[PDB]
Amino acid sequence: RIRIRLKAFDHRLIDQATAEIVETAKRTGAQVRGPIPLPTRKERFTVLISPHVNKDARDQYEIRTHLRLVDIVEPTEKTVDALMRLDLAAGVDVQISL
Amino acid sequence: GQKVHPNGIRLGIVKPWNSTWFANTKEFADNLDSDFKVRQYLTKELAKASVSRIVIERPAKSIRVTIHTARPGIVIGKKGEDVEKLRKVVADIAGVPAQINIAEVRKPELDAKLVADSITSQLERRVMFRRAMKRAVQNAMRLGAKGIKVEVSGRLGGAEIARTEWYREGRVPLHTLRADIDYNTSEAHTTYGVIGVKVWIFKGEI
Amino acid sequence: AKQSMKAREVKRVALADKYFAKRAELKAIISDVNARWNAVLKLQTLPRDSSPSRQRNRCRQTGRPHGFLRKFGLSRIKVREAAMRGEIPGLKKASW
Amino acid sequence: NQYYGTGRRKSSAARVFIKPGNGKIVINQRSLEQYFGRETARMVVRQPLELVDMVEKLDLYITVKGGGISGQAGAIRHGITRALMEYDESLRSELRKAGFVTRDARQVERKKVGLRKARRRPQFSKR
Amino acid sequence: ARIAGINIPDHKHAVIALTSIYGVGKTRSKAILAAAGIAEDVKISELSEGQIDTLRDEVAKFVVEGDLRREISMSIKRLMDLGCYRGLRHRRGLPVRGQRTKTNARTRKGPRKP
Amino acid sequence: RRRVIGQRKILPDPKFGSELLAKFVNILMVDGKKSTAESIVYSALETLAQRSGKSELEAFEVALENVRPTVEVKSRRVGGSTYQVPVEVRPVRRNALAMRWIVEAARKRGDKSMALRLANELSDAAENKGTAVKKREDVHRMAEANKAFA
Amino acid sequence: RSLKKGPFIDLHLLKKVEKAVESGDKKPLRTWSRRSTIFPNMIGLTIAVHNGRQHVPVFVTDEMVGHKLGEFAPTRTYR
RNA sequence: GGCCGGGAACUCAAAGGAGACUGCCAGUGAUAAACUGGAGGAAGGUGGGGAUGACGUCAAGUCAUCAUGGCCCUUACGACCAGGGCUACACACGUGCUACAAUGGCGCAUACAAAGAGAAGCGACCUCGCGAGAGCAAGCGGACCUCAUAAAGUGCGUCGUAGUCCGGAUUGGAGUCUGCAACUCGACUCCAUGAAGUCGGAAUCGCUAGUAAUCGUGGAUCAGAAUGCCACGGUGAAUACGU
């Protein structure tokens with residue numbers, strides 16, 4: 001079984017990422033079961049402001065980076081034949097992963 | 001200090017970016033360092049460009065960094081040299097076969113950095129701090145920016161007095177989240193200490 | 001300031017490759033219990049100002065060692081201006 | 001038939017299935033006295049079950065993972081109430097009168113930094 | 001009567017009571033009684049002579065109550081009551097482990113001495 | 001002050017189905033220990049029946065009438081001057097202080113375990129002793145005798 | 001005492017354990033390495049420990065086997 | 001084992017929403033506002049939390065983060081390297097943790113989470129170490145591999161408060177790994193160590209529901225060396241009439 005990753009950041013990018021691929025990575029051959037979530041992963045920051053006796057601040061900074069699961073389990077040529085005809089959504093990969 | 005920067009706290013709205021791209025852990029850090037090398041050596045060398053912003057996008061191993069600039073004819077260089085030579089600069093200072101992009105800034109009165117550049121350009125012009133200060137205020141008002149409170153950093157006059165310039169004009173609802181206030185500052189290394197300026201253009205809504 | 005200090009380790013890491021990355025591993029098999037020949041261990045002593053434990057975790061803007069982060073490794077002080085201005089993607093003030 | 005309710009109480013998540021008859025309660029493929037057998041919280045879930053009739057008419061083949069003693073029970077004590085709503089949509093008043101309809105949204109403090117338990121100020125008695 | 005010295009136990013769990021011995025201790029009590037093959041939750045009053053006979057032999061191979069604290073003692077002055085840093089902390093009573101020697105290490109040096 | 005809060009609504013006893021008994025374990029909670037209190041106070045209360053030898057569902061109060069408080073000091077510094085001014089007990093404290101009068105001398109009494117040490121003091125009130133009893137002996141002294149300043 | 005296997009000494013004297021031990025002993029050694037242990041085969045040999053001003057001596061025996069130097073050399077002038 | 005199919009019903013998960021908005025019954029109340037009793041619905045009067053600190057405010061502090069006027073010296077109040085010291089003590093204080101136990105301890109059986117981290121990593125597993133960890137090692141680019149099992153807890157005998165199997169200082173011995181090398185100034189393990197302290201006065205401070213109280217869990221910082229700090233869960237009350 002092949003499981004796909006969709007490395008994006010925000011709704012403004014992940015929204016079309018999980019749908020532009022399901023429409024193109026499943027034309028006839030692939031068994032894409034629709035957009036599967038793979039819930040996002042989050043990391044947090046502990047940031048101080050001005051280096052002084054004041055450890056008070058400890059600002060917070062979080063990163064909500066999400067991934068999707070188009071999951072092309074079928075190595076169909078036409079499903080990946082149209083993979084190179086689009087260039088929007090700059091940083092995203094079709095990771096052919098088990 | 002209780003005045004958080006309004007742009008980043010509103011970055012969750014259409015507030016733009018200047019380095020948005022993707023990486024794994026094995027190459028966040030170096031790519032971030034590559035981003036600063038292009039971030040710094042494109043500002044000191046580009047004082048006269050009146051740059052609004054330089055934005056880094058990294059699609060795949062060949063990046064599409066765009067530059068927000070005031071005068072379209074001046075940023076071309078000697079007709080494409082800076083397009084190529086700075087791409088030569090970035091081709092190794094970032095380590096990727098990058099592609100440079102240049103973005104215009106229509107009505108540079110509408111950019112908080114560029115106006116703060118304009119005042120700072122004339123702060124060192126050896127002028128007095130009040131008349132020149134208010135003169136620019138209405139210029140934007142004649143061209144929009146429906147609200148700006150204008151601030152100038154400390155060290156005014158020959159004396160120990162280092163004060164602030166509050167000088168509100170219009171509507172700058174900082175605590176209101178739906179404010180999309182245009183903010184950037186500017187500073188000037190004066191013959192006596194540090195003199196800076198802070199300006200908050202209000203660009204309507206949404 | 002202390003750029004010489006901030007450049008001190010810059011030359012106390014430039015030798016690490018030729019000494020540790022290509023020789024220490026050859027002596028490292030002796031170092032861990034894989035046979036502890038005391039005499040053979042002398043070879044690693046040839047470099048001193050380089051060491052895996054001699055990382056100074058030097059912030060690459062102002063050279064303070066304190067304030068590192070293994071993902072990138074920058075002080076907490078300069079990321080602040082990098083935050084609102086967008087230089088670090090995928091970050092906004094952590095409102096949870 | 002099988003009767004479905006999600007249920008969630010204090011970050012606890014189960015899946016509660018009621019079937020007519022077959023009184024035995026299967027919880028993580030464990031008996032009543034095996035998994036929730038005689039603990040600090042082993043009748044705190046079935047107070048909504050004496051107001052309604054007894055064991056013999058309802059089955060609980062329960063998909064429950066996650067939670068504490070009262071947490072794995074919390075996903076149940078609330079999980080049962082949502083999964084018996086479609087069992088009978090008219091008895092809603094009694095449990096709302098008893099309060100068991102209302103979800104226990106008493107979520108524990110998401111801690112804030114500074115104060116020790118995020119709302120409790122440390123010991124610096126002299127000021 | 002007494003097997004080998006100090007800390008004679010009475011009416012306490014065999015391992016729990018054998019911890020009173022200073023030869024054996026917190027876990028040598030159970031380790032040595034593992035070699036004794038006796039019950040553990042039983043009181044020392046429950047012990048008889050037929051099992052404590054297997055203790056004098058195993059306390060000979062082990063450190064005895066009376067000695068244990070003496071050979072550790074002059075072994076310090078045997079090697080490490082010279083200008084040794086730790087011995088500087090023994091003849092004076094200060095900690096050798098390198099923690100903050102002023103306060104919060106009160107038991108090592110003794111009572112508070114204002 | 002000017003605003004008020006209603007009493008928090010409490011489910012009944014998970015074992016006897018009586019809300020008053022359920023509130024009782026809630027006050028003894030130090031270190032967050034009801035599950036230990038299950039082997040401490042619930043093990044205590046289970047033994048309170050046969051040691052008492054009667055149904056501890058409504059006979060449970062046959063040792064509490066003397067404990068009924070009437071007054072406590074309320075610090076009214078009225079106008080900036082602290083006074084005695086003992087206000088009569090309102091229901092939100094006269095019963096809370098009844099539970100506050102229980103385990104003041106039942107932690108380290110030097111016995112088997114407070115799993116059953118508390119199971120010693122309860123029948124004592126209907127056996128005419130225990131911690132809850134002498135609590136009312138001192139309250140009578142502070143009031144009803146200082147009329148010139150009470 | 002922090003190795004228990006593969007005991008190593010710095011070349012503040014290891015450079016000379018092959019060069020000064022062969023000469024018997026000399027004036028107390030110009031040794032800034034109080035960190036290593038002394039092996040039992042340096043009986044009586046004078047290793048002058050740099051307390052920080054200069055190099056201070058220590059008296060050496062053979063019941064000495066796996067013990068450290070800097071231990072035998074106080075660093076701070078108490079009082 | 002839900003293992004493969006397979007449903008994605010559906011826990012969980014996510015791209016968008018709706019739902020509480022004084023919305024309504026009724027009332028206090030000038031009718032008003034406001035307030036209250038009641039109802040609805042998961043959610044009644046900012047549902048619950050954080051983000052967001054006005055004018056100002058203090059020669060506040062920061063030229064030791066940086067930038068920064070002026071003051072300096074530039075074979076130097078520049079620097080390289082090697083020892084030590086930031087932890088040294090004669091004491092006082094600030095903070096935290098650990099206890100002072102049987103609401104605990106022992107071991108036995110037992111079910112008990114969440115968030116995270118990471119192909120220069122955790123390291124599965126496999127052997128021993130009483131352990132430290134070591135020899136072997138999958139897997140993964142992480143809804144795929146580990147940390148990581150929860151923990152207090154309950155039933156089992158247990159001592160019935162023993163300066164205590166409490167507690168852990170402590171010391172030296174034995175060792176494990178980290179790093180060349182770790183006395184000062186590594187950690188960790190085993191052993192002996194069983195001290196003061198058996199709930200702390202003058203007093204004083206914190207505390208508003210999942211609150212206190214706790215129980216643990218990990219993370220970052222980490223060659224390495226948390227009672228510090230970040231983050232997550234487990235259990236879970238009263239006080240608040242009053243100006």
# chains A, B, ... in the order shown; residues from 1 in each chain; ligands from 1
$ residues_around --residues "region 106-122 of chain D" --least-positions-apart "6" --cutoff "8 Å" --atoms "only C-alpha atoms (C1' of nucleotides)" --output "PDB file with N, CA, C and O atoms (P, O5', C5', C4', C3', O3' and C1' of nucleotides), in the first residue's frame"
ATOM      1  N   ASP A  56      10.190  37.230  32.578  1.00  0.00           N
ATOM      2  CA  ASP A  56       8.739  37.291  32.679  1.00  0.00           C
ATOM      3  C   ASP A  56       8.059  36.910  31.371  1.00  0.00           C
ATOM      4  O   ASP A  56       7.027  36.228  31.379  1.00  0.00           O
ATOM      5  N   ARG A  58       8.499  35.244  28.025  1.00  0.00           N
ATOM      6  CA  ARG A  58       8.301  33.900  27.480  1.00  0.00           C
ATOM      7  C   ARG A  58       7.117  33.878  26.502  1.00  0.00           C
ATOM      8  O   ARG A  58       6.048  33.333  26.767  1.00  0.00           O
TER       9      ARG A  58
ATOM     10  N   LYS D  10     -14.452  15.732  29.111  1.00  0.00           N
ATOM     11  CA  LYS D  10     -13.105  16.046  29.587  1.00  0.00           C
ATOM     12  C   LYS D  10     -12.044  15.295  28.782  1.00  0.00           C
ATOM     13  O   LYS D  10     -11.277  14.485  29.309  1.00  0.00           O
ATOM     14  N   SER D  11     -12.020  15.582  27.479  1.00  0.00           N
ATOM     15  CA  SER D  11     -11.028  15.027  26.558  1.00  0.00           C
ATOM     16  C   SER D  11     -11.004  13.502  26.596  1.00  0.00           C
ATOM     17  O   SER D  11      -9.955  12.883  26.417  1.00  0.00           O
TER      18      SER D  11
ATOM     19  P     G H  48     -18.468  32.162  30.810  1.00  0.00           P
ATOM     20  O5'   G H  48     -17.488  30.995  30.352  1.00  0.00           O
ATOM     21  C5'   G H  48     -17.393  29.794  31.101  1.00  0.00           C
ATOM     22  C4'   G H  48     -16.101  29.078  30.812  1.00  0.00           C
ATOM     23  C3'   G H  48     -14.877  29.968  30.695  1.00  0.00           C
ATOM     24  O3'   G H  48     -14.344  30.318  31.959  1.00  0.00           O
ATOM     25  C1'   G H  48     -14.907  28.397  28.921  1.00  0.00           C
ATOM     26  P     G H  49     -13.432  31.630  32.114  1.00  0.00           P
ATOM     27  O5'   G H  49     -11.945  31.068  32.023  1.00  0.00           O
ATOM     28  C5'   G H  49     -10.928  31.806  31.366  1.00  0.00           C
ATOM     29  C4'   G H  49     -10.040  30.903  30.551  1.00  0.00           C
ATOM     30  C3'   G H  49      -9.042  31.597  29.640  1.00  0.00           C
ATOM     31  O3'   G H  49      -7.880  32.037  30.317  1.00  0.00           O
ATOM     32  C1'   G H  49     -10.161  29.922  28.426  1.00  0.00           C
ATOM     33  P     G H  50      -7.603  33.610  30.483  1.00  0.00           P
ATOM     34  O5'   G H  50      -6.019  33.737  30.393  1.00  0.00           O
ATOM     35  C5'   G H  50      -5.418  34.490  29.353  1.00  0.00           C
ATOM     36  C4'   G H  50      -4.999  33.603  28.211  1.00  0.00           C
ATOM     37  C3'   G H  50      -4.624  34.310  26.921  1.00  0.00           C
ATOM     38  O3'   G H  50      -3.295  34.797  26.938  1.00  0.00           O
ATOM     39  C1'   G H  50      -6.061  32.495  26.443  1.00  0.00           C
ATOM     40  P     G H 206      -1.186  36.994  48.655  1.00  0.00           P
ATOM     41  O5'   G H 206      -1.227  35.534  48.026  1.00  0.00           O
ATOM     42  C5'   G H 206      -0.308  35.147  47.017  1.00  0.00           C
ATOM     43  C4'   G H 206      -0.627  33.767  46.520  1.00  0.00           C
ATOM     44  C3'   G H 206      -2.093  33.527  46.198  1.00  0.00           C
ATOM     45  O3'   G H 206      -2.407  33.887  44.867  1.00  0.00           O
ATOM     46  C1'   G H 206      -1.313  31.825  47.632  1.00  0.00           C
ATOM     47  P     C H 207      -3.835  34.520  44.513  1.00  0.00           P
ATOM     48  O5'   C H 207      -4.849  33.311  44.713  1.00  0.00           O
ATOM     49  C5'   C H 207      -4.771  32.167  43.877  1.00  0.00           C
ATOM     50  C4'   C H 207      -5.605  31.031  44.410  1.00  0.00           C
ATOM     51  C3'   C H 207      -7.060  31.349  44.698  1.00  0.00           C
ATOM     52  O3'   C H 207      -7.863  31.316  43.535  1.00  0.00           O
ATOM     53  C1'   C H 207      -6.137  30.148  46.510  1.00  0.00           C
ATOM     54  P     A H 209     -13.617  29.871  39.025  1.00  0.00           P
ATOM     55  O5'   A H 209     -13.788  28.333  38.655  1.00  0.00           O
ATOM     56  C5'   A H 209     -12.794  27.648  37.903  1.00  0.00           C
ATOM     57  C4'   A H 209     -13.182  26.212  37.642  1.00  0.00           C
ATOM     58  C3'   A H 209     -14.656  25.983  37.323  1.00  0.00           C
ATOM     59  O3'   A H 209     -14.777  24.896  36.409  1.00  0.00           O
ATOM     60  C1'   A H 209     -14.074  24.784  39.274  1.00  0.00           C
ATOM     61  P     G H 210     -14.509  25.127  34.843  1.00  0.00           P
ATOM     62  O5'   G H 210     -13.140  24.360  34.572  1.00  0.00           O
ATOM     63  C5'   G H 210     -12.954  23.027  35.034  1.00  0.00           C
ATOM     64  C4'   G H 210     -12.235  22.993  36.357  1.00  0.00           C
ATOM     65  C3'   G H 210     -10.729  22.777  36.281  1.00  0.00           C
ATOM     66  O3'   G H 210     -10.137  23.391  37.424  1.00  0.00           O
ATOM     67  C1'   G H 210     -11.707  20.987  37.439  1.00  0.00           C
TER      68        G H 210
END
$ select_by_dssp --residues "chain G" --states "strand (DSSP E or B)" --output "list in words"
residues 29, 30, 31, 37, 47, 48, 49, 50, 55, 56 and 68 of chain G
$ write_last_selection --atoms "C-alpha atoms" --output "mmCIF file, in the first residue's frame"
data_model
loop_
_atom_site.group_PDB
_atom_site.id
_atom_site.type_symbol
_atom_site.label_atom_id
_atom_site.label_comp_id
_atom_site.auth_asym_id
_atom_site.auth_seq_id
_atom_site.Cartn_x
_atom_site.Cartn_y
_atom_site.Cartn_z
ATOM 1 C CA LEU G 29 57.177 18.939 36.674
ATOM 2 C CA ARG G 30 55.818 21.989 34.863
ATOM 3 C CA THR G 31 52.413 20.303 34.988
ATOM 4 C CA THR G 37 44.851 10.117 37.495
ATOM 5 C CA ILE G 47 54.479 16.437 39.438
ATOM 6 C CA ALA G 48 54.129 20.134 40.236
ATOM 7 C CA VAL G 49 50.436 20.993 39.917
ATOM 8 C CA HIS G 50 49.556 24.432 38.575
ATOM 9 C CA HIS G 55 52.959 24.689 39.865
ATOM 10 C CA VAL G 56 52.595 23.270 43.388
ATOM 11 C CA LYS G 68 43.702 11.843 40.733
#
$ select_by_dssp --residues "region 2-92 of chain C" --states "helix (DSSP H, G or I)" --output "count of residues only"
42
$ interface_residues --of "chain F" --to "chain H" --cutoff "9 Å" --atoms "only C-alpha atoms (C1' of nucleotides)" --output "number ranges by chain"
F: 1-2, 4-5, 23-41, 76, 78, 90, 92-93, 96, 100, 107, 110-115
$ atom_distance --atom1 "CA of residue 82 (chain C)" --atom2 "CA of residue 61 (chain C)"
12.3 Å
$ interface_residues --of "chain A" --to "chain B" --cutoff "9 Å" --atoms "only C-alpha atoms" --output "list in words"
residues 7, 8, 9, 87, 88, 89, 90, 91 and 92 of chain A
$ write_last_selection --atoms "N, CA, C and O atoms" --output "compact mmCIF listing (two decimals), in the first residue's frame"
# COMPACT_ATOMS: atom_id res chain seq x y z
N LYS A 7 2.65 18.13 2.05
CA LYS A 7 3.31 18.99 3.03
C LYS A 7 2.95 20.44 2.72
O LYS A 7 3.55 21.07 1.85
N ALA A 8 1.97 20.97 3.45
CA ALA A 8 1.53 22.35 3.30
C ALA A 8 1.34 22.96 4.68
O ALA A 8 1.50 22.29 5.70
N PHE A 9 0.99 24.25 4.72
CA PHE A 9 0.90 25.00 5.96
C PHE A 9 -0.53 25.38 6.34
O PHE A 9 -1.00 25.00 7.42
N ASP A 87 1.73 23.84 -11.76
CA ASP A 87 2.87 24.34 -11.01
C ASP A 87 2.49 25.19 -9.81
O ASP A 87 3.38 25.62 -9.07
N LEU A 88 1.20 25.44 -9.57
CA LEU A 88 0.81 26.19 -8.39
C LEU A 88 1.02 25.34 -7.14
O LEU A 88 1.39 24.16 -7.21
N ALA A 89 0.79 25.95 -5.97
CA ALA A 89 1.05 25.31 -4.68
C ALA A 89 2.52 24.90 -4.59
O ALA A 89 2.87 23.72 -4.61
N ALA A 90 3.38 25.93 -4.49
CA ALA A 90 4.81 25.78 -4.71
C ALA A 90 5.41 24.60 -3.94
O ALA A 90 5.85 23.61 -4.55
N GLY A 91 5.43 24.67 -2.62
CA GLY A 91 6.09 23.61 -1.88
C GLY A 91 5.16 22.51 -1.42
O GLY A 91 4.58 22.57 -0.33
N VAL A 92 5.06 21.47 -2.24
CA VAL A 92 4.28 20.26 -1.97
C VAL A 92 4.92 19.14 -2.76
O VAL A 92 5.37 19.34 -3.89
$ residues_around --residues "residue 95 (chain D)" --least-positions-apart "3" --cutoff "12 Å" --atoms "only C-alpha atoms (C1' of nucleotides)" --output "CSV table (one decimal) with N, CA, C and O atoms, in the first residue's frame"
chain,number,residue,atom,x,y,z
D,47,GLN,N,-25.7,6.0,37.3
D,47,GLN,CA,-26.9,6.7,37.8
D,47,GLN,C,-27.9,7.0,36.7
D,47,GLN,O,-29.1,7.0,37.0
D,48,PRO,N,-27.5,7.4,35.5
D,48,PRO,CA,-28.5,7.5,34.4
D,48,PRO,C,-29.2,6.2,34.1
D,48,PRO,O,-29.9,6.1,33.1
D,49,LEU,N,-28.8,5.1,34.8
D,49,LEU,CA,-29.3,3.8,34.5
D,49,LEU,C,-30.2,3.2,35.5
D,49,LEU,O,-30.8,2.1,35.3
D,50,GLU,N,-30.5,3.8,36.7
D,50,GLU,CA,-31.6,3.4,37.5
D,50,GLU,C,-32.9,4.2,37.2
D,50,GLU,O,-33.9,3.6,37.4
D,51,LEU,N,-32.7,5.4,36.7
D,51,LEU,CA,-33.9,6.1,36.3
D,51,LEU,C,-34.6,5.4,35.1
D,51,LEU,O,-35.8,5.2,35.1
D,52,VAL,N,-33.8,4.9,34.2
D,52,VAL,CA,-34.3,3.9,33.2
D,52,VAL,C,-34.2,2.5,33.8
D,52,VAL,O,-33.6,2.4,34.9
D,78,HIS,N,-20.9,10.0,29.8
D,78,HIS,CA,-21.5,10.9,28.7
D,78,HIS,C,-21.7,10.1,27.4
D,78,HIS,O,-22.7,10.4,26.7
D,80,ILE,N,-22.8,7.1,27.1
D,80,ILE,CA,-24.1,6.3,27.2
D,80,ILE,C,-25.3,7.3,26.9
D,80,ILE,O,-26.2,6.9,26.2
D,81,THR,N,-25.2,8.5,27.4
D,81,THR,CA,-26.3,9.4,27.3
D,81,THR,C,-26.6,9.8,25.9
D,81,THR,O,-27.8,9.9,25.5
D,82,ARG,N,-25.6,10.0,25.1
D,82,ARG,CA,-25.7,10.3,23.7
D,82,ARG,C,-26.2,9.1,22.9
D,82,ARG,O,-26.8,9.3,21.8
D,84,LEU,N,-28.1,6.6,24.1
D,84,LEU,CA,-29.5,6.3,24.4
D,84,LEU,C,-30.5,7.3,24.0
D,84,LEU,O,-31.7,7.2,24.2
D,85,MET,N,-30.0,8.4,23.4
D,85,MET,CA,-31.0,9.4,22.9
D,85,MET,C,-31.8,8.9,21.7
D,85,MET,O,-33.0,9.1,21.7
D,88,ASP,N,-34.6,6.4,22.8
D,88,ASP,CA,-35.8,7.0,23.1
D,88,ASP,C,-35.6,8.5,23.1
D,88,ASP,O,-34.8,9.0,23.9
D,89,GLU,N,-36.3,9.2,22.2
D,89,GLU,CA,-36.2,10.7,22.1
D,89,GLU,C,-37.1,11.4,23.0
D,89,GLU,O,-37.1,12.7,23.0
D,90,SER,N,-38.0,10.7,23.8
D,90,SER,CA,-39.0,11.4,24.6
D,90,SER,C,-38.6,11.5,26.1
D,90,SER,O,-39.1,12.4,26.7
D,91,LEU,N,-37.7,10.7,26.6
D,91,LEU,CA,-37.2,10.7,27.9
D,91,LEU,C,-36.1,11.8,28.2
D,91,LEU,O,-35.5,11.7,29.2
D,92,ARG,N,-35.9,12.7,27.2
D,92,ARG,CA,-34.9,13.7,27.3
D,92,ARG,C,-35.0,14.5,28.6
D,92,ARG,O,-34.0,15.0,29.2
D,98,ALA,N,-32.2,15.8,35.5
D,98,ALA,CA,-31.1,15.3,36.3
D,98,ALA,C,-29.7,15.8,35.9
D,98,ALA,O,-28.7,15.6,36.6
D,99,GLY,N,-29.7,16.5,34.7
D,99,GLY,CA,-28.4,17.1,34.2
D,99,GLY,C,-27.5,16.2,33.4
D,99,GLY,O,-26.5,16.7,32.9
D,100,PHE,N,-27.9,14.9,33.3
D,100,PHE,CA,-27.0,14.0,32.6
D,100,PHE,C,-27.0,14.2,31.1
D,100,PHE,O,-26.0,13.8,30.4
D,101,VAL,N,-28.0,14.9,30.6
D,101,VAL,CA,-28.0,15.2,29.2
D,101,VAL,C,-26.8,16.2,28.9
D,101,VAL,O,-26.1,16.1,27.9
D,102,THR,N,-26.7,17.2,29.8
D,102,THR,CA,-25.7,18.3,29.5
D,102,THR,C,-24.3,17.7,29.7
D,102,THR,O,-24.0,17.0,30.7
D,103,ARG,N,-23.4,18.0,28.7
D,103,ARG,CA,-22.1,17.5,28.7
D,103,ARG,C,-21.3,18.2,29.7
D,103,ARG,O,-21.4,19.4,29.9
$ residues_around --residues "residue 137 (chain B)" --least-positions-apart "6" --cutoff "9 Å" --atoms "only C-alpha atoms (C1' of nucleotides)" --output "PyMOL selection string"
chain B and resi 148+150+169
$ write_last_selection --atoms "C-alpha atoms" --output "PDB file, in the first residue's frame"
ATOM      1  CA  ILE B 148      -2.509  57.233  10.568  1.00  0.00           C
ATOM      2  CA  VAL B 150       2.631  59.246  13.267  1.00  0.00           C
ATOM      3  CA  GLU B 169      -4.446  61.440  12.636  1.00  0.00           C
TER       4      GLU B 169
END
$ atom_distance --atom1 "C1' of residue 79 (chain H)" --atom2 "CA of residue 9 (chain C)"
14.2 Å
$ closest_atom_pairs --of "chain C" --to "chain H" --cutoff "7 Å" --atoms "only C-alpha atoms (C1' of nucleotides)" --output "CSV"
residue,atom,partner,partner_atom,distance
C:44,CA,H:180,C1',6.2
C:45,CA,H:180,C1',5.3
C:52,CA,H:223,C1',5.5
C:53,CA,H:223,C1',3.9
C:62,CA,H:65,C1',6.6
C:95,CA,H:51,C1',5.2
C:96,CA,H:50,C1',6.3
$ write_last_selection --atoms "N, CA and C atoms" --output "PDB file, in the first residue's frame"
ATOM      1  N   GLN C  44      43.852  10.388  19.266  1.00  0.00           N
ATOM      2  CA  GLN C  44      42.815  11.414  19.250  1.00  0.00           C
ATOM      3  C   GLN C  44      43.259  12.684  19.963  1.00  0.00           C
ATOM      4  N   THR C  45      44.239  12.584  20.858  1.00  0.00           N
ATOM      5  CA  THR C  45      44.698  13.747  21.599  1.00  0.00           C
ATOM      6  C   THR C  45      45.375  14.777  20.699  1.00  0.00           C
ATOM      7  N   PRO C  52      33.602  17.123  20.037  1.00  0.00           N
ATOM      8  CA  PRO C  52      32.135  17.089  19.985  1.00  0.00           C
ATOM      9  C   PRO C  52      31.498  17.845  21.132  1.00  0.00           C
ATOM     10  N   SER C  53      32.130  17.844  22.302  1.00  0.00           N
ATOM     11  CA  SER C  53      31.625  18.579  23.452  1.00  0.00           C
ATOM     12  C   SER C  53      31.992  20.054  23.414  1.00  0.00           C
ATOM     13  N   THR C  62      24.325  37.548  16.828  1.00  0.00           N
ATOM     14  CA  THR C  62      25.007  38.284  17.875  1.00  0.00           C
ATOM     15  C   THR C  62      25.970  37.426  18.675  1.00  0.00           C
ATOM     16  N   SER C  95      -1.841  31.930  19.571  1.00  0.00           N
ATOM     17  CA  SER C  95      -3.102  32.082  20.286  1.00  0.00           C
ATOM     18  C   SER C  95      -3.788  30.724  20.289  1.00  0.00           C
ATOM     19  N   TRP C  96      -3.787  30.069  21.439  1.00  0.00           N
ATOM     20  CA  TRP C  96      -4.531  28.834  21.607  1.00  0.00           C
ATOM     21  C   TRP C  96      -5.580  28.987  22.699  1.00  0.00           C
TER      22      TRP C  96
END
